[PDB]
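Coordinates as given in coords-v3.cif (mmCIF, C-alpha atoms and all ligand atoms):
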```
data_model
#
loop_
_atom_site.label_atom_id
_atom_site.label_comp_id
_atom_site.auth_asym_id
_atom_site.auth_seq_id
_atom_site.Cartn_x
_atom_site.Cartn_y
_atom_site.Cartn_z
CA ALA A 2 -30.84 -6.29 -5.32
CA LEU A 3 -27.33 -7.51 -4.37
CA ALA A 4 -25.11 -9.65 -6.67
CA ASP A 5 -21.58 -11.02 -6.49
CA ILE A 6 -18.75 -8.73 -7.70
CA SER A 7 -16.31 -11.52 -8.68
CA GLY A 8 -18.32 -12.24 -11.89
CA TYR A 9 -17.99 -8.61 -13.06
CA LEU A 10 -14.16 -8.30 -12.54
CA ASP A 11 -13.41 -8.09 -16.30
CA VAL A 12 -13.85 -4.32 -15.68
CA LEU A 13 -10.31 -4.57 -14.24
CA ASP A 14 -9.19 -5.46 -17.85
CA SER A 15 -11.24 -2.69 -19.55
CA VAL A 16 -11.67 0.43 -17.45
CA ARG A 17 -8.67 2.67 -17.89
CA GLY A 18 -8.00 6.11 -16.45
CA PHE A 19 -8.94 7.75 -13.13
CA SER A 20 -12.36 9.28 -14.07
CA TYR A 21 -13.95 6.18 -12.44
CA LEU A 22 -12.71 7.40 -9.01
CA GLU A 23 -15.34 10.20 -9.16
CA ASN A 24 -17.80 7.32 -8.62
CA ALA A 25 -15.76 6.09 -5.62
CA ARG A 26 -15.72 9.49 -3.89
CA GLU A 27 -19.49 9.92 -4.21
CA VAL A 28 -20.36 6.40 -3.02
CA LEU A 29 -18.00 6.78 -0.01
CA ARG A 30 -19.07 10.35 0.87
CA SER A 31 -22.78 9.45 0.57
CA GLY A 32 -22.28 6.00 2.12
CA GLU A 33 -24.40 4.42 -0.58
CA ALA A 34 -24.46 3.52 -4.26
CA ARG A 35 -27.26 3.49 -6.85
CA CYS A 36 -28.66 0.21 -8.21
CA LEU A 37 -27.55 -0.51 -11.80
CA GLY A 38 -30.21 -1.79 -14.24
CA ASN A 39 -27.50 -3.02 -16.59
CA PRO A 40 -24.25 -3.69 -14.64
CA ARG A 41 -22.35 -4.12 -17.96
CA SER A 42 -23.25 -0.61 -19.23
CA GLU A 43 -21.56 0.96 -16.14
CA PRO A 44 -17.92 -0.27 -16.17
CA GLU A 45 -16.74 2.87 -14.30
CA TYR A 46 -19.24 2.35 -11.51
CA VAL A 47 -18.62 -1.32 -11.07
CA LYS A 48 -14.86 -0.72 -10.86
CA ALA A 49 -15.25 2.05 -8.29
CA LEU A 50 -17.25 -0.33 -6.06
CA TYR A 51 -14.51 -3.00 -6.16
CA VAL A 52 -11.78 -0.36 -5.51
CA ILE A 53 -13.47 0.88 -2.31
CA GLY A 54 -13.70 -2.75 -1.10
CA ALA A 55 -17.27 -3.80 -2.07
CA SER A 56 -17.79 -7.59 -2.35
CA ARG A 57 -21.22 -7.22 -3.97
CA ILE A 58 -22.82 -4.81 -6.45
CA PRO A 59 -26.24 -3.14 -6.44
CA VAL A 60 -28.44 -4.35 -9.32
CA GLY A 61 -32.01 -3.46 -10.33
CA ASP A 62 -34.24 -0.54 -11.20
CA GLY A 63 -34.06 2.63 -9.03
CA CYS A 64 -32.87 1.25 -5.64
CA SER A 65 -29.64 1.90 -3.70
CA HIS A 66 -27.50 -0.06 -1.23
CA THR A 67 -25.35 1.03 1.71
CA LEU A 68 -21.62 0.36 2.14
CA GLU A 69 -22.42 -2.41 4.67
CA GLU A 70 -24.93 -4.02 2.28
CA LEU A 71 -22.25 -3.83 -0.45
CA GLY A 72 -19.66 -5.54 1.82
CA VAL A 73 -17.17 -2.70 2.51
CA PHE A 74 -17.64 -3.58 6.20
CA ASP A 75 -17.67 -7.41 5.85
CA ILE A 76 -15.44 -9.19 8.38
CA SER A 77 -13.17 -11.50 6.39
CA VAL A 78 -11.01 -13.04 9.14
CA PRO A 79 -11.74 -16.44 10.64
CA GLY A 80 -12.01 -15.95 14.41
CA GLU A 81 -9.82 -19.03 14.72
CA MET A 82 -7.08 -17.83 12.24
CA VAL A 83 -7.16 -21.07 10.27
CA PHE A 84 -6.52 -20.74 6.52
CA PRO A 85 -6.40 -23.46 3.78
CA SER A 86 -3.50 -21.74 2.04
CA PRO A 87 -0.99 -18.87 2.37
CA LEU A 88 -2.53 -16.86 -0.55
CA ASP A 89 -5.92 -17.14 1.20
CA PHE A 90 -4.13 -16.07 4.43
CA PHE A 91 -2.94 -12.87 2.76
CA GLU A 92 -6.50 -12.38 1.43
CA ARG A 93 -8.72 -13.15 4.43
CA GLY A 94 -6.38 -12.59 7.40
CA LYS A 95 -7.04 -8.85 7.38
CA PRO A 96 -7.04 -6.10 8.57
CA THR A 97 -3.37 -5.88 9.45
CA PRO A 98 -3.31 -4.85 13.21
CA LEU A 99 -4.05 -1.23 14.24
CA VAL A 100 -2.18 -0.76 17.59
CA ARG A 101 -2.62 2.35 19.82
CA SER A 102 0.86 3.48 20.86
CA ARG A 103 1.94 4.61 24.34
CA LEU A 104 4.04 7.25 22.47
CA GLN A 105 2.65 10.66 23.49
CA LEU A 106 2.76 13.60 21.09
CA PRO A 107 1.84 17.21 22.01
CA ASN A 108 -1.51 19.00 21.49
CA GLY A 109 -3.54 15.80 22.03
CA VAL A 110 -2.21 14.07 18.89
CA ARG A 111 -2.84 10.33 19.57
CA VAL A 112 -0.58 7.88 17.71
CA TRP A 113 -1.93 4.60 16.31
CA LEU A 114 0.33 2.19 14.39
CA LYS A 115 -0.82 0.12 11.37
CA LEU A 116 1.61 -2.73 11.27
CA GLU A 117 2.11 -3.75 7.64
CA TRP A 118 4.83 -6.29 8.52
CA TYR A 119 1.83 -8.55 9.33
CA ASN A 120 1.84 -9.57 5.63
CA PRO A 121 2.87 -13.21 5.09
CA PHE A 122 5.37 -13.01 2.11
CA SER A 123 7.52 -9.87 2.49
CA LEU A 124 6.58 -8.96 6.09
CA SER A 125 5.94 -5.54 4.54
CA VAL A 126 3.18 -3.49 2.90
CA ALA A 127 4.59 -4.39 -0.62
CA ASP A 128 2.65 -7.74 -0.46
CA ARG A 129 -0.59 -6.05 -1.23
CA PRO A 130 0.32 -4.60 -4.65
CA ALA A 131 2.20 -7.83 -5.47
CA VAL A 132 -0.85 -10.10 -5.09
CA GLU A 133 -3.13 -7.59 -6.89
CA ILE A 134 -0.82 -7.07 -9.92
CA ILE A 135 0.04 -10.80 -10.23
CA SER A 136 -3.64 -11.84 -9.76
CA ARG A 137 -4.82 -9.76 -12.73
CA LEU A 138 -1.75 -10.99 -14.62
CA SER A 139 -2.84 -14.63 -14.23
CA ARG A 140 -5.83 -13.68 -16.48
CA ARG A 141 -3.62 -12.78 -19.49
CA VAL A 142 0.00 -14.00 -19.33
CA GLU A 143 0.78 -17.71 -19.75
CA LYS A 144 2.19 -19.69 -16.79
CA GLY A 145 5.98 -20.22 -16.83
CA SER A 146 6.47 -16.62 -18.03
CA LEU A 147 9.15 -14.41 -16.38
CA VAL A 148 7.83 -11.38 -14.45
CA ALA A 149 10.17 -8.75 -13.29
CA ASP A 150 10.71 -5.28 -11.82
CA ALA A 151 13.08 -3.00 -9.90
CA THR A 152 12.79 -2.73 -6.08
CA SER A 153 14.44 -1.19 -3.02
CA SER A 154 13.76 -4.70 -1.48
CA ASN A 155 10.21 -5.38 -0.24
CA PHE A 156 8.32 -5.67 -3.54
CA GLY A 157 11.00 -7.98 -5.08
CA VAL A 158 10.54 -10.41 -2.20
CA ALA A 159 6.75 -10.06 -2.44
CA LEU A 160 6.88 -10.42 -6.25
CA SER A 161 9.18 -13.48 -6.04
CA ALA A 162 6.97 -15.49 -3.57
CA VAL A 163 3.66 -14.51 -5.23
CA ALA A 164 4.99 -14.94 -8.77
CA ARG A 165 5.97 -18.49 -7.83
CA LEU A 166 2.60 -19.24 -6.18
CA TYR A 167 0.97 -18.19 -9.52
CA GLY A 168 3.22 -20.39 -11.75
CA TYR A 169 5.38 -17.44 -12.92
CA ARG A 170 9.12 -16.96 -12.85
CA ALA A 171 10.62 -13.96 -11.19
CA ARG A 172 13.50 -11.55 -11.78
CA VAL A 173 14.13 -8.67 -9.40
CA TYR A 174 16.62 -5.78 -10.00
CA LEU A 175 18.12 -4.02 -6.93
CA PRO A 176 20.41 -1.02 -6.33
CA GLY A 177 23.74 -1.86 -4.60
CA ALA A 178 22.76 0.22 -1.55
CA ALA A 179 19.66 -2.00 -0.82
CA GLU A 180 19.56 -4.39 2.20
CA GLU A 181 20.83 -7.97 2.07
CA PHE A 182 17.39 -9.47 2.70
CA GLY A 183 16.29 -7.99 -0.68
CA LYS A 184 19.22 -9.42 -2.57
CA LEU A 185 19.04 -12.80 -0.87
CA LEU A 186 15.42 -13.61 -0.11
CA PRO A 187 14.16 -13.70 -3.76
CA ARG A 188 16.84 -16.31 -4.56
CA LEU A 189 15.62 -18.41 -1.59
CA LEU A 190 12.16 -18.03 -3.16
CA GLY A 191 13.46 -19.17 -6.64
CA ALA A 192 13.90 -15.83 -8.42
CA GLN A 193 16.92 -14.54 -10.31
CA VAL A 194 18.30 -11.35 -8.68
CA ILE A 195 20.39 -8.63 -10.39
CA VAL A 196 22.24 -5.94 -8.41
CA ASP A 197 23.52 -2.75 -10.04
CA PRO A 198 26.46 -1.35 -8.01
CA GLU A 199 26.30 1.98 -9.91
CA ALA A 200 22.49 2.49 -9.64
CA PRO A 201 22.18 4.93 -6.72
CA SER A 202 18.34 4.56 -6.34
CA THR A 203 15.55 2.22 -7.46
CA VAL A 204 13.88 4.67 -9.91
CA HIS A 205 17.29 4.98 -11.68
CA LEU A 206 17.18 1.22 -12.46
CA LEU A 207 13.97 1.65 -14.51
CA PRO A 208 15.64 2.26 -17.93
CA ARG A 209 17.71 -0.93 -17.52
CA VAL A 210 14.55 -2.96 -16.69
CA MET A 211 12.74 -1.53 -19.73
CA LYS A 212 15.67 -2.13 -22.10
CA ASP A 213 16.03 -5.83 -20.98
CA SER A 214 12.25 -6.29 -21.21
CA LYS A 215 12.39 -5.10 -24.86
CA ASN A 216 15.28 -7.52 -25.59
CA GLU A 217 14.10 -10.52 -23.56
CA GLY A 218 10.29 -10.58 -23.64
CA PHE A 219 9.68 -10.82 -19.90
CA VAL A 220 6.73 -8.87 -18.50
CA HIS A 221 7.88 -5.81 -16.64
CA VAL A 222 5.06 -5.53 -14.02
CA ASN A 223 6.15 -1.95 -13.25
CA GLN A 224 4.99 -1.04 -9.70
CA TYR A 225 5.59 2.71 -10.27
CA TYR A 226 3.03 2.89 -13.08
CA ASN A 227 0.81 -0.21 -12.66
CA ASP A 228 -2.61 0.95 -11.47
CA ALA A 229 -3.21 -2.24 -9.42
CA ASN A 230 -0.68 -1.01 -6.92
CA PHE A 231 -2.94 2.02 -6.08
CA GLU A 232 -6.08 -0.20 -6.29
CA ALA A 233 -4.79 -2.83 -3.79
CA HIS A 234 -4.29 -0.17 -1.20
CA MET A 235 -7.75 1.28 -1.89
CA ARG A 236 -9.65 -1.96 -1.21
CA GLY A 237 -7.06 -3.12 1.37
CA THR A 238 -4.77 -0.72 3.26
CA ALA A 239 -6.95 2.40 3.00
CA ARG A 240 -10.28 0.66 3.37
CA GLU A 241 -9.03 -0.97 6.55
CA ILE A 242 -8.19 2.47 8.09
CA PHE A 243 -11.76 3.55 7.23
CA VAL A 244 -13.36 0.45 8.78
CA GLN A 245 -11.05 0.19 11.79
CA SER A 246 -11.44 3.84 12.68
CA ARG A 247 -15.23 3.47 12.80
CA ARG A 248 -15.28 0.10 14.61
CA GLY A 249 -12.47 1.20 16.96
CA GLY A 250 -14.37 4.35 18.02
CA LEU A 251 -11.54 6.52 16.70
CA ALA A 252 -11.95 10.23 16.14
CA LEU A 253 -9.85 9.91 13.00
CA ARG A 254 -8.28 13.25 12.05
CA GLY A 255 -5.36 12.23 9.84
CA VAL A 256 -2.90 9.70 8.40
CA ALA A 257 0.89 9.67 8.41
CA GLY A 258 3.12 7.73 6.02
CA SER A 259 6.09 7.49 3.73
CA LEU A 260 6.47 7.51 -0.11
CA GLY A 261 8.28 5.10 -2.49
CA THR A 262 6.04 4.66 -5.52
CA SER A 263 3.39 6.56 -3.50
CA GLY A 264 0.80 3.70 -3.82
CA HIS A 265 -0.25 3.28 -0.15
CA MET A 266 -0.50 6.86 1.15
CA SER A 267 -2.13 8.03 -2.12
CA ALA A 268 -4.79 5.36 -1.56
CA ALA A 269 -5.14 6.05 2.20
CA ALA A 270 -5.41 9.81 1.69
CA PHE A 271 -7.85 9.64 -1.24
CA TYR A 272 -10.13 7.04 0.31
CA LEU A 273 -10.14 8.81 3.68
CA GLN A 274 -10.49 12.28 2.14
CA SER A 275 -13.53 11.07 0.16
CA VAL A 276 -15.24 10.16 3.44
CA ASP A 277 -14.13 13.37 5.17
CA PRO A 278 -12.03 16.02 3.31
CA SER A 279 -10.53 17.54 6.52
CA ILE A 280 -8.44 14.41 7.24
CA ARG A 281 -4.78 15.38 6.85
CA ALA A 282 -2.24 13.21 5.09
CA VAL A 283 1.12 14.00 6.72
CA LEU A 284 3.75 12.58 4.37
CA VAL A 285 7.53 12.35 4.70
CA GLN A 286 10.13 14.01 2.49
CA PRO A 287 13.45 12.28 3.16
CA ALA A 288 15.99 15.09 3.83
CA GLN A 289 18.47 16.01 1.09
CA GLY A 290 21.60 13.83 0.83
CA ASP A 291 20.12 11.15 3.13
CA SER A 292 18.84 7.71 2.20
CA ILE A 293 15.98 6.05 4.07
CA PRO A 294 15.55 2.50 2.67
CA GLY A 295 12.19 1.96 0.96
CA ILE A 296 11.35 5.64 0.35
CA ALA A 297 12.21 8.86 -1.53
CA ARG A 298 11.49 12.54 -2.19
CA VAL A 299 8.27 13.30 -4.18
CA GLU A 300 10.02 15.24 -6.97
CA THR A 301 12.06 12.17 -8.06
CA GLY A 302 8.74 11.16 -9.70
CA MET A 303 5.61 9.54 -8.25
CA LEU A 304 2.39 8.71 -10.08
CA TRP A 305 -0.66 8.87 -7.82
CA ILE A 306 0.42 11.32 -5.09
CA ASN A 307 0.80 13.95 -7.86
CA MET A 308 -2.06 13.28 -10.27
CA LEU A 309 -4.90 12.31 -7.92
CA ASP A 310 -6.72 15.09 -6.04
CA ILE A 311 -5.18 14.63 -2.61
CA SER A 312 -4.57 17.18 0.19
CA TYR A 313 -1.22 16.44 1.84
CA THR A 314 1.50 18.06 3.95
CA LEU A 315 5.21 17.24 3.87
CA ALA A 316 7.66 17.16 6.75
CA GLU A 317 11.42 16.87 6.27
CA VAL A 318 13.07 13.95 8.15
CA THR A 319 16.75 12.88 8.21
CA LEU A 320 17.79 9.22 8.51
CA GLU A 321 19.32 9.90 11.93
CA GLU A 322 15.87 11.37 12.90
CA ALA A 323 13.98 8.37 11.52
CA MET A 324 16.30 6.13 13.58
CA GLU A 325 15.82 8.17 16.78
CA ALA A 326 12.08 7.46 16.36
CA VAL A 327 12.62 3.70 15.80
CA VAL A 328 14.48 3.67 19.12
CA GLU A 329 11.67 5.52 21.03
CA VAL A 330 8.74 3.48 19.64
CA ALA A 331 10.77 0.42 20.60
CA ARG A 332 11.19 1.83 24.14
CA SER A 333 7.59 2.99 24.38
CA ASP A 334 5.72 0.06 22.83
CA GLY A 335 8.44 -2.62 22.61
CA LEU A 336 7.52 -2.89 18.90
CA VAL A 337 10.47 -2.69 16.50
CA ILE A 338 9.63 -0.66 13.35
CA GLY A 339 11.53 -0.21 10.07
CA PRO A 340 13.38 3.01 9.17
CA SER A 341 10.46 4.24 6.98
CA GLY A 342 7.88 3.73 9.80
CA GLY A 343 10.08 5.86 12.10
CA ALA A 344 10.25 8.50 9.41
CA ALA A 345 6.40 8.72 9.45
CA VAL A 346 6.21 8.68 13.28
CA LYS A 347 8.77 11.52 13.35
CA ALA A 348 7.02 13.49 10.58
CA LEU A 349 3.75 13.32 12.50
CA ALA A 350 5.53 14.26 15.76
CA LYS A 351 6.79 17.44 14.00
CA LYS A 352 3.45 18.68 12.69
CA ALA A 353 2.08 17.84 16.17
CA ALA A 354 4.88 19.87 17.80
CA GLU A 355 4.33 22.74 15.29
CA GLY A 356 0.61 23.05 16.19
CA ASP A 357 -0.48 22.32 12.61
CA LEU A 358 -2.64 19.31 13.70
CA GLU A 359 -6.09 19.08 15.32
CA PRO A 360 -6.55 17.05 18.52
CA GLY A 361 -7.55 13.44 17.88
CA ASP A 362 -6.53 10.07 16.46
CA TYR A 363 -3.96 9.74 13.72
CA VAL A 364 -3.12 6.46 12.01
CA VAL A 365 0.49 6.03 10.94
CA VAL A 366 1.15 3.27 8.42
CA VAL A 367 4.31 1.37 9.38
CA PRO A 368 5.59 -0.40 6.28
CA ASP A 369 7.87 -3.09 7.76
CA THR A 370 9.79 -4.64 10.72
CA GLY A 371 13.00 -3.17 12.12
CA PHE A 372 14.39 -6.73 12.33
CA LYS A 373 15.46 -6.36 8.67
CA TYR A 374 17.56 -3.24 9.38
CA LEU A 375 20.26 -4.31 11.80
CA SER A 376 22.98 -1.96 10.39
CA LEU A 377 20.78 1.13 10.83
CA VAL A 378 19.81 -0.10 14.30
CA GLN A 379 23.49 -0.61 15.26
CA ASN A 380 24.54 2.79 13.82
CA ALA A 381 21.70 4.65 15.62
CA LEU A 382 22.77 3.35 19.04
CA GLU A 383 26.42 4.56 18.58
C1 LIG B 401 11.63 3.28 -3.50
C2 LIG B 401 10.59 2.52 -4.02
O1 LIG B 401 10.01 2.88 -5.05
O2 LIG B 401 10.29 1.38 -3.32
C3 LIG B 401 9.02 0.76 -3.66
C4 LIG B 401 8.78 -0.49 -2.80
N1 LIG B 401 8.86 -0.02 -1.41
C5 LIG B 401 7.81 0.36 -0.66
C6 LIG B 401 8.05 0.83 0.64
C7 LIG B 401 7.52 2.06 1.11
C8 LIG B 401 6.72 2.93 0.31
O3 LIG B 401 5.51 2.32 -0.06
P1 LIG B 401 4.82 2.74 -1.48
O4 LIG B 401 4.86 4.34 -1.53
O5 LIG B 401 5.72 2.20 -2.52
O6 LIG B 401 3.40 2.31 -1.45
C9 LIG B 401 7.83 2.45 2.42
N2 LIG B 401 8.63 1.67 3.25
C10 LIG B 401 9.14 0.50 2.83
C11 LIG B 401 9.95 -0.25 3.70
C12 LIG B 401 8.85 0.09 1.51
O7 LIG B 401 9.37 -1.10 1.07
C13 LIG B 401 9.84 -1.58 -3.04
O8 LIG B 401 10.09 -2.36 -2.09
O9 LIG B 401 10.36 -1.65 -4.18
#
```
Take the structure in the file and give it back as structure tokens.
Ligand SMILES: CC(=O)OC[C@H](/N=C/c1c(COP(=O)(O)O)cnc(C)c1O)C(=O)O
Amino acid sequence: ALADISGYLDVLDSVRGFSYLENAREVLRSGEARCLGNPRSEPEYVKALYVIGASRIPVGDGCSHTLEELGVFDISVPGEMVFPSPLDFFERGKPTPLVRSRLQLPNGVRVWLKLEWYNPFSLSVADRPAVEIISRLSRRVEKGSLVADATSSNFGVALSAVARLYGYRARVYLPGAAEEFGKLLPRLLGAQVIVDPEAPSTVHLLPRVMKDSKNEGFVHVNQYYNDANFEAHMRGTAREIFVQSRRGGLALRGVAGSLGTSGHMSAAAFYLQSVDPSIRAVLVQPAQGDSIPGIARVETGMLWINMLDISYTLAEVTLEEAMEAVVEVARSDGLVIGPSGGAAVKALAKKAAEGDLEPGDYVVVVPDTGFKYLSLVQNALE
């Protein structure tokens, strides 16, 4: 028997740890889940179902239900694209577009582009964690409270708009080297913004955000460590690759992406590698010395990409190389990607060139629009 999962979403404020993901992998790999006699005695199982994108849960004595019965494959989007509110537009206007690129890579590596700038608040992937984190937060923390974090740019914009749609106040902390949209947009959206000229990278701002949180009593929502960030991308960004691949007819053989906190490619890789362990996750290591806005090297510290059981390859990519790839996707497809998207296109194009990749369809996850990166556009043309 099928019942609604919304009612049983207190498991989000009770299950801790990652042991529950063992349930996810088996349900996904099998393509079904066992009926629960007592839904409340199985917090791990219920959470796993929500995390893979179920809308319903299987209840009763001995039965099972398929992923489609559970609602992993439910179409959310109104054909007409009419939404009664922006927050509902983020929620139901999904998947973000998967576009097959005219870009040709060697060895029959076919490039598809998942365009995460089709998010309403930050025109970047960072929307998805920001709605998930703040949505759970609405359960516990009183309205009018200040919520805050460090950001390269995208999450601080996403946090600011979503915080304010949920009644909460927003503070974002940025390194001096971040883009102007990050420093400016939150203020347009009613947040306070603090910029540390000396902080060379976003992770380096963390101690400052923790100290001030201890002094001031604001809630530091902490995207690096906050498990909602990984869970958003499990039921959203990852799940969508799963569903679109099947419905699109794709011979999916891999994903390509970039790493900041590691939330989205950790979720894509894990979800996809549950369904089929061969699927590669080609990830980008920004080259040493260089700065690619939004992303970083793994060994500067990432939660999920380390601790979860994920097969992944790295490819080194310089900024100049990421910008070359912006330019060529823009000439091939006329779509203008952000620096971090070009870093993942490039990194896939290398493994493809190397001969390390099987023939078939790869989905690259493009985190934002190049329209927010005029300086790095200008510099890459000259
Ligand atoms: C460096 C860092 O931790 O940034 C996290 C977060 N950025 C995510 C991000 C990423 C990486 O996504 P995640 O690994 O954080 O899921 C890639 N590209 C762009 C343009 C991004 O904005 C932010 O905006 O604060």
Within-6 Å shell of (18.3, -4.4, 4.9) in input frame, only C-alpha atoms, as a list in words
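The answer, in the requested form, is residues 180, 181, 182, 373 and 374 of chain A.
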In Å, how far is it from atom CA of residue A:111 to atom CA of residue A:256?
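Separation between atom CA of residue A:111 and atom CA of residue A:256: 11.2 Å.
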Using all atoms listed in the file, which residues of chain A come within 8 Å of ligand LIG 401 (chain B), and what is the closest atom pair for each, with the distance in Å to one decimal? Give it as JSON lines, sorted by chain and residue number.
```
{"residue": "A:125", "atom": "CA", "partner": "B:LIG401", "partner_atom": "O7", "distance": 6.6}
{"residue": "A:126", "atom": "CA", "partner": "B:LIG401", "partner_atom": "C12", "distance": 6.8}
{"residue": "A:127", "atom": "CA", "partner": "B:LIG401", "partner_atom": "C5", "distance": 5.7}
{"residue": "A:151", "atom": "CA", "partner": "B:LIG401", "partner_atom": "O9", "distance": 6.5}
{"residue": "A:152", "atom": "CA", "partner": "B:LIG401", "partner_atom": "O9", "distance": 3.3}
{"residue": "A:153", "atom": "CA", "partner": "B:LIG401", "partner_atom": "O9", "distance": 4.3}
{"residue": "A:154", "atom": "CA", "partner": "B:LIG401", "partner_atom": "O8", "distance": 4.4}
{"residue": "A:155", "atom": "CA", "partner": "B:LIG401", "partner_atom": "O8", "distance": 3.5}
{"residue": "A:156", "atom": "CA", "partner": "B:LIG401", "partner_atom": "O8", "distance": 4.0}
{"residue": "A:157", "atom": "CA", "partner": "B:LIG401", "partner_atom": "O9", "distance": 6.4}
{"residue": "A:202", "atom": "CA", "partner": "B:LIG401", "partner_atom": "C1", "distance": 7.4}
{"residue": "A:203", "atom": "CA", "partner": "B:LIG401", "partner_atom": "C1", "distance": 5.7}
{"residue": "A:204", "atom": "CA", "partner": "B:LIG401", "partner_atom": "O1", "distance": 6.5}
{"residue": "A:224", "atom": "CA", "partner": "B:LIG401", "partner_atom": "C3", "distance": 7.5}
{"residue": "A:225", "atom": "CA", "partner": "B:LIG401", "partner_atom": "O1", "distance": 6.8}
{"residue": "A:230", "atom": "CA", "partner": "B:LIG401", "partner_atom": "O6", "distance": 7.6}
{"residue": "A:231", "atom": "CA", "partner": "B:LIG401", "partner_atom": "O6", "distance": 7.9}
{"residue": "A:258", "atom": "CA", "partner": "B:LIG401", "partner_atom": "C9", "distance": 7.9}
{"residue": "A:259", "atom": "CA", "partner": "B:LIG401", "partner_atom": "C9", "distance": 5.5}
{"residue": "A:260", "atom": "CA", "partner": "B:LIG401", "partner_atom": "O4", "distance": 3.8}
{"residue": "A:261", "atom": "CA", "partner": "B:LIG401", "partner_atom": "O4", "distance": 3.6}
{"residue": "A:262", "atom": "CA", "partner": "B:LIG401", "partner_atom": "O5", "distance": 3.9}
{"residue": "A:263", "atom": "CA", "partner": "B:LIG401", "partner_atom": "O4", "distance": 3.3}
{"residue": "A:264", "atom": "CA", "partner": "B:LIG401", "partner_atom": "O6", "distance": 3.8}
{"residue": "A:265", "atom": "CA", "partner": "B:LIG401", "partner_atom": "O6", "distance": 4.0}
{"residue": "A:266", "atom": "CA", "partner": "B:LIG401", "partner_atom": "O4", "distance": 6.5}
{"residue": "A:267", "atom": "CA", "partner": "B:LIG401", "partner_atom": "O4", "distance": 7.9}
{"residue": "A:294", "atom": "CA", "partner": "B:LIG401", "partner_atom": "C11", "distance": 6.3}
{"residue": "A:295", "atom": "CA", "partner": "B:LIG401", "partner_atom": "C10", "distance": 3.9}
{"residue": "A:296", "atom": "CA", "partner": "B:LIG401", "partner_atom": "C1", "distance": 4.5}
{"residue": "A:297", "atom": "CA", "partner": "B:LIG401", "partner_atom": "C1", "distance": 5.9}
{"residue": "A:339", "atom": "CA", "partner": "B:LIG401", "partner_atom": "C11", "distance": 6.6}
{"residue": "A:340", "atom": "CA", "partner": "B:LIG401", "partner_atom": "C11", "distance": 7.2}
{"residue": "A:341", "atom": "CA", "partner": "B:LIG401", "partner_atom": "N2", "distance": 4.9}
{"residue": "A:342", "atom": "CA", "partner": "B:LIG401", "partner_atom": "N2", "distance": 6.9}
{"residue": "A:367", "atom": "CA", "partner": "B:LIG401", "partner_atom": "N2", "distance": 7.5}
{"residue": "A:368", "atom": "CA", "partner": "B:LIG401", "partner_atom": "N2", "distance": 4.8}
{"residue": "A:369", "atom": "CA", "partner": "B:LIG401", "partner_atom": "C11", "distance": 5.4}
```
For atom CA of residue A:337 and atom CA of residue A:372, quote the distance in Å rounded to one decimal.
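We find that atom CA of residue A:337 and atom CA of residue A:372 lie 7.0 Å from each other.
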Can you list every residue of stretch 210-310 of chain A that has an atom at most 12 Å from stretch 189-201 of chain A, with its nearest atom pair and the distance in Å to one decimal, using all atoms listed in the file, ordered by chain then number, as a tab-separated table?
```
residue	atom	partner	partner_atom	distance
A:210	CA	A:195	CA	10.3
A:213	CA	A:195	CA	11.8
A:290	CA	A:201	CA	11.7
A:291	CA	A:201	CA	11.8
A:292	CA	A:201	CA	9.9
A:294	CA	A:201	CA	11.7
A:297	CA	A:201	CA	11.9
```
Quick one: residues within 10 Å of residue A:164, only C-alpha atoms counted, chain neighbours fewer than 5 positions away excluded, as a PyMOL selection string?
chain A and resi 131-132+134-136+138-139+144-149+157-159+169-172+190-192
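Minimum atom-to-atom distance to residue A:34, evaluated using all atoms listed in the file, belongs to A:70 out of A:5, A:89, A:70, A:128.
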Could you check which of A:10, A:318, A:102, A:245 is closest to residue A:335, using all atoms listed in the file?
A:102
Hey, can you check how far atom CA of residue A:57 sits from atom CA of residue A:115?
26.6 Å
Write out as JSON, numbers by chain which residues come within 9 Å of residue A:323 when counting only C-alpha atoms, dropping same-chain ones fewer than 4 positions away.
{"A": [293, 318, 319, 327, 328, 340, 341, 342, 343, 344, 345, 346, 347, 348]}
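Within 8 Å of residue A:110, once all atoms listed in the file are used and residues closer than 5 positions along the same chain are dropped, the contacting residues are residues 105, 353, 358, 359, 360, 361, 362 and 363 of chain A.
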Given only C-alpha atoms as the counted atoms, nearest of A:314, A:279, A:227, A:65 to residue A:257:
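Closest to residue A:257, using only C-alpha atoms: A:314.
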My structure is short of atoms at stretch 34-39 of chain A; please model N, CA and C atoms there, returning them as a short mmCIF file (atom, residue, chain, number, x, y, z; two decimals), keeping the file's coordinate frame.
```
data_model
loop_
_atom_site.label_atom_id
_atom_site.label_comp_id
_atom_site.auth_asym_id
_atom_site.auth_seq_id
_atom_site.Cartn_x
_atom_site.Cartn_y
_atom_site.Cartn_z
N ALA A 34 -24.68 3.63 -2.84
CA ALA A 34 -24.46 3.52 -4.26
C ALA A 34 -25.78 3.17 -4.91
N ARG A 35 -25.98 3.65 -6.13
CA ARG A 35 -27.26 3.49 -6.85
C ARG A 35 -27.31 2.12 -7.52
N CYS A 36 -28.48 1.48 -7.51
CA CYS A 36 -28.66 0.21 -8.21
C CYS A 36 -28.51 0.43 -9.71
N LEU A 37 -27.77 -0.49 -10.36
CA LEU A 37 -27.55 -0.51 -11.80
C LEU A 37 -28.53 -1.46 -12.51
N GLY A 38 -29.32 -0.95 -13.45
CA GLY A 38 -30.21 -1.79 -14.24
C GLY A 38 -29.42 -2.76 -15.11
N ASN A 39 -28.36 -2.24 -15.72
CA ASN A 39 -27.50 -3.02 -16.59
C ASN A 39 -26.06 -2.85 -16.11
#
```
